[PDB]
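# Secondary and tertiary structure notes
Here is how the chains run, residue by residue.
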Amino acid sequence: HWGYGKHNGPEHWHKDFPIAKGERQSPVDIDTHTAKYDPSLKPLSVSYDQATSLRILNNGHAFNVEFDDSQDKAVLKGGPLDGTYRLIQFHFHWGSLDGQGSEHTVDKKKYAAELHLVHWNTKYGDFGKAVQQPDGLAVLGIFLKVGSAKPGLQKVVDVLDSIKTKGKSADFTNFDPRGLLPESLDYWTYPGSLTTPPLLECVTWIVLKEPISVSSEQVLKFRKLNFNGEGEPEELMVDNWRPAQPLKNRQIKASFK
Ligand SMILES: Cc1ccc(S(=O)(=O)NC(=O)Nc2ccc(S(N)(=O)=O)nc2)cc1
Ligand SMILES: [Zn+2]
């Protein structure tokens, strides 16, 4: 019964998930002047050409577009990563207003939303094992700002009416996640966690510098989703973001000067 409300929100999570106050929690503020360029960081390799999307699910906190991760079909490699990480799902976090919604912040700036492409390290065999490892996951984070529409997002937006409430899913095949990527793959990277319960400290975060633009109409449709199940009182799925957590003993590295 954790959530994003007054009585079950991020400030309450530590009672069920003590790791909420751990040493490598996410998200964080990215202080751009303190992040250090790391010349040894390899270029990021995003290989989504063979992606097989399957389904879209409202899980009561966000919506997940799920992929077939039983073969190396859509993988993330390079950058700070050792080995091959398979795409399992993507989802977003967003606000009730355009001035908030992202989890990561940049010099304390909040974006309207944040896209998370979640990948797991193939050396651990499946997602459940990977989340128990400090290098188990790689999440590619992409900021959304409100401006021009993102054409590649529209197919997602248009199916949302069919998964309005918690527990609803719909077929979502042949979706190409390359249409959600910005031009540049310049990034910041640091060791962190899942940003929702169970908050496991198993994530290498790769957060892209360049946001994508989405239209006001696109984000408004995100905000029509429901946290609640069908036949329960309507509570709009908005402000499903965790705020910035203490950086503690971590350095954020940049791939770019
Ligand atoms: C092993 C296992 C653990 C947790 C789940 S889950 O579906 O209940 N939770 C989960 O997937 N959490 C999660 C949390 C945060 C993020 S995030 N927001 O950091 O990208 N992605 C996924 C499933 C299998
Ligand atoms: Zn997320």
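Along each chain, residues carry numbers from 1 upward in sequence order, and these need not match the entry's numbering; residues missing coordinates do not appear. For this description, chains carry letters from A and ligands carry numbers from 1, given in the order in which they are written. Working from all heavy atoms in the structure, the side-chain values ignore hydrogens and water. Residues with missing side-chain atoms are left out of burial classes, side-chain pairs and their counts.

As annotated in the PDB entry, the protein carries the name Carbonic anhydrase 2 and comes from Homo sapiens. As recorded in the PDB, this entry has the title "Crystal structure of human carbonic anhydrase II in complex with the 5-(3-tosylureido)pyridine-2-sulfonamide inhibitor". UniProt positions are given in the numbering used here, feature names are shortened, and annotations may be inferred rather than shown by experiment. Checking UniProt for the protein, the heading Subunit (literature references left out) contains the comment "Interacts with SLC4A4. Interaction with SLC4A7 regulates SLC4A7 transporter activity. Interacts with SLC26A6 isoform 4 (via C-terminus cytoplasmic domain)." We quote the UniProt Sequence similarities comment for the protein here in full: "Belongs to the alpha-carbonic anhydrase family."

## So, unusual backbone geometry
Most peptide bonds take the trans configuration, and most residues that are not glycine carry a negative phi. The omega torsion across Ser-26 and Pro-27 is 0 degrees, close enough to zero to call that bond cis. With respect to the element layout, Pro-27 can be found in the segment before strand 1 (29-30). Note the cis peptide between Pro-197 and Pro-198, where omega equals 10 degrees. For the purposes of this entry, the term helix denotes a DSSP run of H or I that reaches at least four residues, the term strand denotes a run of E that reaches at least two, and both are numbered from the N terminus. Note that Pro-198 resides in the loop between strand 12 (187-192) and strand 13 (203-208). Residues other than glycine seldom take positive phi values, yet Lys-108 does so here, at roughly 75 degrees. Mapping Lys-108 onto the fold places it in the loop between strand 8 (105-106) and strand 9 (113-121).

## As for the coordination of the zinc ion (ligand 2)
Ligation of the zinc ion (ligand 2) by protein atoms is provided by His-91 (NE2), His-93 (NE2) and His-116 (ND1), these donors lying 2.1 Å from the ion. Any N, O or S atom lying within 2.8 Å of the metal counts as a donor, with the limit raised to 3.2 Å for Na, K and Ca; because water is left out of the atom set, some sites can appear incomplete. A site with four donors is called tetrahedral when every donor-metal-donor angle falls between 85 and 135 degrees; four donors are called square planar, and six octahedral, when opposite donors sit more than 155 degrees apart and all other angles fall between 65 and 115; any other arrangement is irregular. Around the zinc ion (ligand 2) sit 4 donor atoms, and with donor-metal-donor angles ranging over 98 to 117 degrees the site reads as tetrahedral. Site description for the zinc ion (ligand 2): donor spacing in sequence, H-x1-H-x22-H. You can see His-91 sitting in strand 7 (residues 85-94) and its partner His-116 sitting in strand 9, a full 25 residues away along the chain. Across this residue pair, the class does not change: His-91 and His-116 are buried. Exposure categories follow from relative accessible area, calculated using a 1.4 Å probe and restricted to protein chains: below 20% of the type maximum is buried, above 50% is exposed, and the middle band is partly exposed.

## What to know about the pairing of strand 7
With respect to burial, strand 7 is a largely interior element, 10 of its 10 residues being buried. Relative to strand 7, strand 5 (residues 63-67) runs antiparallel, the two being bridged by 2 bridges. By the bridge assignment for strand 7, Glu-66 is matched with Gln-89. Bridge count between strand 6 (residues 75-78) and strand 7: 2 bridges; the pairing is antiparallel. Its bridge partner being in strand 7, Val-75 is matched across the sheet by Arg-86. A pair of strands counts as paired when DSSP detects no fewer than two bridges linking them. Hairpin connection of strand 6 to strand 7: 6 residues between the antiparallel strands, including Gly-79 at a positive phi of 55 degrees. Across 9 bridges, the pairing between strand 7 and strand 9 is antiparallel. Its bridge partner being in strand 9, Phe-92 is matched across the sheet by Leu-115.

## Thoughts on the site of ligand 1
The immediate surroundings of ligand 1 are formed by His-91, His-93, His-116, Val-118, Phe-127, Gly-128, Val-131, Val-139, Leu-194, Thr-195, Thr-196 and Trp-205. For this analysis, a polar contact is any N or O atom pair within 3.5 Å, provided that within protein one partner can donate a hydrogen and the other can accept it, and provided that sequence-adjacent residues contribute only side-chain to side-chain pairs. Measuring from a nitrogen atom of ligand 1, one finds a side-chain N or O atom of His-93 at 3.4 Å. In the environment of ligand 1, a nitrogen atom lies 2.8 Å from a nitrogen or oxygen atom belonging to the side chain of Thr-195. Surface accessibility follows the Shrake-Rupley procedure with a 1.4 Å probe radius. Residue values consider only the protein chains on display as shielding. Here ligand 1 loses 67% of its free accessible area of 540 Å² to cover by the protein chains. Secondary-structure elements contributing two or more residues to the shell around ligand 1 are strand 7, strand 9 and helix 1 (127-130). Taken together, the residues of the shell around ligand 1 break down into 6 nonpolar, 6 polar and no charged. Throughout this document, a residue counts as near a molecule or strand when at least one of its heavy atoms sits within 4 Å of that molecule or strand. Each residue receives one of three labels: charged for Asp, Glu, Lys and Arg, nonpolar for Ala, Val, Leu, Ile, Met, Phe, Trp, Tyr, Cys and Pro, and polar for the others, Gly being one of them.

## Some details on the packing of aromatic side chains
Classification of ring pairs uses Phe, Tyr and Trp, with its six-membered ring standing for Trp, and accepts pairs whose centres are within 6.5 Å; under 30 degrees between planes counts as stacked, over 60 as edge-to-face, and the remaining range as tilted. With the rule as written, the count across this model stands at 15 aromatic pairs. Plain terms: the ring middles of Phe-92 and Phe-222 are 5.0 Å apart, the flat faces sit at 55 degrees to each other, and that makes the pair tilted. One end of the pair, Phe-92, is in strand 7; the other, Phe-222, is in helix 3 (residues 216-222), with 130 residues separating them in the sequence. Here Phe-222 falls in the buried class, since its relative accessible area comes to 1%. For the pair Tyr-111 and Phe-143, a centre-to-centre distance of 4.4 Å together with 20 degrees between the ring planes defines the contact as stacked. With a gap of 32 residues between them, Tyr-111 in the loop between strand 8 and strand 9 and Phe-143 in strand 10 (residues 137-146) connect regions that are remote in the sequence. You'll find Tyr-111 and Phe-143 in the same group, each marked buried. Among the aromatic residues, ring-to-ring pairing joins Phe-63, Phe-67, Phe-90, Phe-92, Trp-94, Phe-172, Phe-175 and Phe-222 into one connected group. Working rule: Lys NZ or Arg CZ, within 6 Å of ring centre, within 35 degrees of ring normal, means a charge sits over the ring. Positioned over the ring face of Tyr-111 is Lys-109, at 5.0 Å from the centre of the ring.

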